[PDB]
Amino acid sequence: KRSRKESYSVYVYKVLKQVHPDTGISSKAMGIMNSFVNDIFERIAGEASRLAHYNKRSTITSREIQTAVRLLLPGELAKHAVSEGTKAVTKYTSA
Amino acid sequence: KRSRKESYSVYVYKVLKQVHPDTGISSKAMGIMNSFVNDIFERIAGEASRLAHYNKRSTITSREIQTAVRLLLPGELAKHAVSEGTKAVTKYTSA
Amino acid sequence: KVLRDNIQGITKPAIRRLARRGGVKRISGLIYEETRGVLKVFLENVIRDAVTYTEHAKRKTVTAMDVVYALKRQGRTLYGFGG
Amino acid sequence: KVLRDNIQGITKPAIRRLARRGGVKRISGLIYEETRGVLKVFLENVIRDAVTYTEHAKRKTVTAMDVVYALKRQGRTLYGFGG
Amino acid sequence: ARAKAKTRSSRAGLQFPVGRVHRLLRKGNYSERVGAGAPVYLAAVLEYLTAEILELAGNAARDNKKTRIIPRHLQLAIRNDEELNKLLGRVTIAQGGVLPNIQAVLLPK
Amino acid sequence: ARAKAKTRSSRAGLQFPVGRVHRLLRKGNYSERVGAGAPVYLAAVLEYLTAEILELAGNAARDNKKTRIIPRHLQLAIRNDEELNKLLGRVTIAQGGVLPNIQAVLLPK
Amino acid sequence: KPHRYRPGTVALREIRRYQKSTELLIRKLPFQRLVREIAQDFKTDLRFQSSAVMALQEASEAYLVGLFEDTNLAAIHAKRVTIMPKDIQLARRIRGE
Amino acid sequence: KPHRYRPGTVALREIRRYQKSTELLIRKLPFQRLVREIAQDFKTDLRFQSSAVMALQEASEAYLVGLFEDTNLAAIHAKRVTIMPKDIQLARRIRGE
DNA sequence: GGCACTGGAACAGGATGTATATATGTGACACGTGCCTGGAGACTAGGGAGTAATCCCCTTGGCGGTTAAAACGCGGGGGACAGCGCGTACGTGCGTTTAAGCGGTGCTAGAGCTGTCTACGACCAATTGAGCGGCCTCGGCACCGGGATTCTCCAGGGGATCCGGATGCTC
DNA sequence: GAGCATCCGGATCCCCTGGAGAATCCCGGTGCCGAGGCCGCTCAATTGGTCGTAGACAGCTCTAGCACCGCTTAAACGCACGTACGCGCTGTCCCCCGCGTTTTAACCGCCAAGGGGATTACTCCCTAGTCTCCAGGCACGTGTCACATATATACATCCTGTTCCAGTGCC
């Protein structure tokens with residue numbers, strides 16, 4: 001008996017099968033992916049936290065997250081992320 | 001009258017007046033001091049939150065910020081600042 | 001209204017003064033336009049951050065504190081103009 | 001129990017291999033001891049941070065996630081070790 | 001009596017967990033209160049990021065004739081993309097190596 | 001019949017405000033719980049830092065025959081100690097200039 | 001015959017003069033024109049606090065003098081005293097710019 | 001007469017091999033011995049998870065590789081092909097150490 | 001002036017090292033399964049936040065004057081740089097020692113899970129006194145001005161050196 | 001008497017150095033505006049008490065980290081010969097500093113005007129929180145084929161022997 005440990009294996013696996021039905025992973029590569037997603041999540045969340053600090057807003061919104069993405073992500077990665085997140089927010093709002 | 005803007009000037013006047021009763025202060029230098037203390041405050045508070053997360057501790061205590069000072073502030077100031085802080089917290093322990 | 005050429009406003013004697021502050025003994029003639037380009041890169045890199053904070057703040061005017069944030073995000077923290 | 005002189009445990013051919021991965025084709029013989037010193041200072045910094053983290057953990061055993069915390073706080077972030 | 005439970009990731013049409021990332025923000029000590037759409041937006045951003053980097057990794061592995069991705073392929077993916085390299089100049093990948101990169105003067109003739 | 005309102009900064013015997021810094025950590029969003037000794041420790045360490053840097057600024061001002069501190073004194077104070085340089089490697093001081101430093105080969109014979 | 005200093009003498013006196021001084025080196029109004037020109041390329045009709053301009057200035061000379069200190073060190077590493085564009089490119093690449 | 005390559009051709013060969021390769025370049029057991037030896041100076045009786053030692057080994061290897069390619073840039077900048085220690089002090093001091 | 005001597009350039013071929021094709025096992029990747037706790041659903045309190053109105057303040061726009069900075073040109077000296085020689089210092093190849101590395105085994109220290117509770121710390125009404133806005137004065141300092149001191153560059157003066165003449169000695 | 005040696009004195013050539021200008025420093029002199037301190041306000045720290053809960057402690061367990069050990073070569077090392085490189089010198093050429101003269105727009109400073117920060121009020125949209133319920137991700141088992149390893153071909157490559165050719169010295 002051990003305590004359950006959180007992971008992103010199944011979600012990244014689904015995304016990989018979505019982009020590449022025929023490809024596999026190594027476990028070391030998955031460790032890099034977990035470190036990657038946790039790292040980017042930490043970066044964006046902390047940046048949004050200080051934006052919430054700076055406008056004295058005690059509420060964080062997707063506008064703040066979008067500001068952080070445009071601020072941190074270089075180039076068209078930012079605007080692609082804004083497009084995808086905007087679509088997700090709209091179809092979540094409709095659902 | 002205008003709403004209050006809280007700042008750290010007068011404390012700097014008091015501490016300098018203890019260490020150098022004679023000297024004067026230019027105001028933009030005083031702003032540089034406010035930027036110093038606010039910057040170091042944010043660094044130590046961020047390390048405190050990070051260590052409280054890593055030990056999964058809900059409470060910010062002196063002991064982990066001591067750890068944070070040993071991390072960020074190097075060497076001689078680190079050990080001496082530890083000394084004055086331990087003296088201060090023991091004095092507050094004696095109310 | 002619009003502006004088209006102000007990179008030359010950082011004059012060659014001004015760049016010479018900057019080099020004298022940096023301890024540069026001799027300055028080539030090819031240095032100046034490169035410094036104009038590099039300075040342009042840095043100022044645009046920080047001002048895109050600054051305009052991002054200003055549009056997020058729902059303000060139209062650029063404030064200094066946002067510029068301080070924009071420099072400290074790249075770890076080039078400037079002291080004395082906060083608050 | 002006590003180990004005394006493992007600084008030369010980082011052998012010369014290992015440094016040659018690292019220079020090959022670094023893209024160096026020709027390496028002076030006067031390089032290796034300063035590279036040992038630079039590696040030495042870097043490892044001192046990271047394990048000092050690591051033992052500080054571990055001593056906060058009240059553990060006698062250093063662990064990997066504490067090490068990667070020490071690296072990212074030093075600005076040399078690692079992936080692939082439980083981050 | 002009660003409606004069927006429907007996952008919020010399916011509402012957003014996303015693979016990343018809306019509820020888990022929402023909980024992580026709530027216990028991540030970033031704000032006292034979190035808007036509903038912000039974790040959805042963040043999960044979409046991360047999902048796009050992982051999607052593109054996994055596409056690059058799969059293409060690199062297909063170049064290497066391997067059906068399973070390797071940390072070497074990940075290093076090749078990060079460093080051969082300028083924009084991700086600008087995102088990740090300060091990162092270190094375990095067992096990744098570096099790009100094949102030889103300076104031109106180092107070559108003979 | 002309440003006791004006289006005496007202050008925690010005086011209780012630690014220190015000049016920096018314990019209450020303001022405690023409040024600033026409480027709504028600075030670093031934890032939901034905070035101990036009482038942590039703001040005391042924090043006020044102590046910032047007072048020590050300001051004390052030493054103000055010592056250096058005062059000596060720099062007196063060496064330049066000024067009885068009022070200027071940011072040039074602050075720059076000369078921070079840059080003339082290597083350990084504060086490791087504290088402040090990436091920090092910009094307004095109107096500070098740089099240290100008077102000429103490379104030796106630049107000097108004439 | 002009018003007095004004329006040898007090359008580098010007035011340069012080193014400039015080194016001492018501008019390095020002891022803290023006062024500004026960029027003419028503030030052509031700089032502010034450049035700032036507004038770059039700003040209007042990203043969002044139109046931006047308005048500037050003067051302190052925002054000032055900070056943008058202090059930071060720029062800070063970044064530049066960091067580059068020329070690095071440039072001087074790499075140039076004396078290159079056994080020269082005259083700086084060349086490859087040196088600034090090298091300094092930016094070593095900094096990861 | 002036995003075969004012998006001219007110098008550098010071999011060197012470029014293991015440059016290609018090791019820059020292609022992914023494995024750790026330094027010996028393992030002296031690296032645990034060294035990290036135990038130096039961690040002995042800060043605190044007594046430390047125990048090391050092997051994963052932590054491997055992570056330290058990878059971090060050290062990447063840091064040295066970055067330092068070495070920076071010294072490569074410095075050396076080709078100085079129109080030489082052989083590195084010398086002042087390249088390393090230059091690269092570190094430009095980097096900020 | 002030509003033929004022989006010496007240095008140059010193009011070419012082929014062997015040996016090696018790395019790729020490449022195919023056989024094989026193996027263990028790490030991938031999938032099936034129990035579960036339980038973390039996610040979802042519904043209702044409530046309540047509160048940060050968006051928005052309307054104002055105001056004033058701080059930014060923007062424009063216009064005269066002056067000058068210091070900028071810019072252009074001449075000159076030259078200084079510095080980059082190319083090329084050649086030279087001595088060296090790793091590079092590479094062959095042999096050798098060793099010590100890392102792998103497989104195996106035992107002990108255990110401490111990492112980590114689980115139960116208790118008790119110290120400790122957020123929450124809230126009252127209150128007051130410390131801390132900040134307003135103001136006012138003045139003296140530390142910015143600007144101006146003149147003399148000293150120190151730096152710098154040069155034209156010249158001073159020392160070093162060598163050779164010729166005189167003279168005393170000597171044969 | 002004559003020839004030689006040698007010492008002294010002047011010619012000459014190369015190397016130092018004092019002197020003059022000038023840029024900055026330093027000492028007064030003046031007038032000025034930011035700093036510092038006093039005063040009034042206000043809101044935030046403090047006091048006290050309460051209730052809830054987070055971590056310290058204890059205890060147990062199991063697991064992984066260390067220690068020992070025995071082969072087993074891979075790798076470290078070292079030496080030797082060689083050839084490529086750092087570097088130093090030196091000539092050369094031209095690029096930028098110094099300096100002077102002319103332009104100009106930067107800056108002060110002065111005045112008009114309004115765009116928007118920003119600040120208070122209002123009313124409301126959303127979201128933490130609680131309770132219940134349930135299903136998706138994790139633990140864990142299993143099996144299995146993608147890849148590491150191994151071996152046999154195959155070609156790149158890389159360096160050197162072979163062959164043809166141009167420039168130049170002596171008869």
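Residues numbered from 1 in each chain as written, not as in the entry; some residues may be left out. Chains lettered and ligands numbered in written order. Heavy atoms only, no water.

- For this entry, the PDB record names cryo-EM as the structure determination method and reports a resolution of 4.5 Å.

1. Notes on the overall build of chain C
Argument step 1. Scanning chain C from N- to C-terminus turns up three helices and three strands.
Argument step 2. Its helices and strands in sequence order give chain C the pattern α-β-α-β-α-β, from N to C terminus.
Argument step 3. Taken over the C-alpha trace, chain C has a radius of gyration of 16 Å; the compact-globule value for 83 residues is 12 Å, which it surpasses by more than 25%.
Argument step 4. Taking all contacts inside chain C whose residues are at least 6 apart in sequence as the whole, residues at least 24 apart take part in 33%.
Argument step 5. Carbon and sulfur atoms make up 54% of the accessible area of chain C, which totals about 3600 Å². (Helix = DSSP H or I, 4+ residues; strand = E, 2+ residues; numbered from the N terminus. Rg over C-alpha atoms; globule rule 2.2 N^0.38 Å. Contact = heavy atoms within 4.5 Å. Areas by Shrake-Rupley, 256 points an atom, 1.4 Å probe, with all protein chains shown as cover.)

2. Some remarks on the layout of surface pockets
Argument step 1. Put simply, the second largest pocket is a space of about 270 Å³.
Argument step 2. For the second largest pocket, the lining is made up of 13 residues, of which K25(D), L106(E), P7(H), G8(H) and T9(H) are closest to its centre.
Argument step 3. With three residues, helix α1 (residues 9-20) of chain H is the largest single contributor of residues to the lining of the second largest pocket.
Argument step 4. Counted by class, the lining of the second largest pocket contains eight nonpolar, two polar and three charged residues. (1 Å grid on protein atoms, 1.4 Å probe; cavity = no way out; pocket = protein on both sides within 12 Å on 5 of 7 lines; lining within 4 Å. Points joined across faces, edges and corners; volume = space filled by probe spheres on them. Nonpolar A, V, L, I, M, F, W, Y, C, P; charged D, E, K, R; others polar.)

3. Observations concerning the packing of aromatic side chains
Argument step 1. In the structure shown here, the tally under the stated rule is twelve aromatic pairs over all chains.
Argument step 2. Between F42(D) and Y63(H) the ring centres are 4.1 Å apart and the planes differ by 10 degrees, which places this aromatic pair in the stacked class. Of the two residues, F42(D) is situated in helix α2 (residues 32-56) and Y63(H) in helix α3 (residues 50-77); the pairing between them involves two chains. Pair check on accessibility: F42(D) and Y63(H) agree, each one buried.
Argument step 3. The ring of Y32(C) has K12(C) sitting right over it, with the charged end atom 5.8 Å from the ring centre. (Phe/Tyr/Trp six-rings, centres within 6.5 Å; stacked < 30°, edge-to-face > 60°. Buried < 20%, exposed > 50% of the residue type's maximum accessible area, 1.4 Å probe, protein only. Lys NZ or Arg CZ within 6 Å of the ring centre and 35° of its normal.)

4. Focus: the interface of chain A and chain D
Argument step 1. Listed as interface residues are seven residues of chain A and, on the opposing side, five residues of chain D.
Argument step 2. Both faces considered, chain A and chain D share a buried interface measuring about 480 Å² in area, 59% of it formed by carbon and sulfur atoms.
Argument step 3. Taken as a group, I32(A), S35(A) and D39(A) account for 66% of the area that chain A buries against chain D, more than any other trio of residues on that side.
Argument step 4. For the pair chain A and chain D, the number of links is four residue pairs in polar contact.
Argument step 5. The class makeup of the residues in the side of chain A that touches chain D is two nonpolar, four polar and one charged. (Buried area = accessible area lost by both parts, 1.4 Å probe. Polar contact = N/O pair within 3.5 Å; in protein donor to acceptor, adjacent residues only side chain to side chain.)

5. Looking at the protein's contact with DNA strand I
Argument step 1. The full set close to DNA strand I counts 89 residues, and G29(D), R23(E), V34(F), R4(H) and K20(H) are the nearest of them.
Argument step 2. Each atom of DNA strand I within 4 Å of the protein belongs either to a base or to sugar and phosphate, the latter forming 94%.
Argument step 3. Within the backbone of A11(H), a nitrogen or oxygen atom sits 3.0 Å from a phosphate oxygen of DNA strand I.
Argument step 4. Here the surface near DNA strand I is composed, by residue class, of 21 nonpolar, 21 polar and 47 charged. (Near = heavy atom within 4 Å.)

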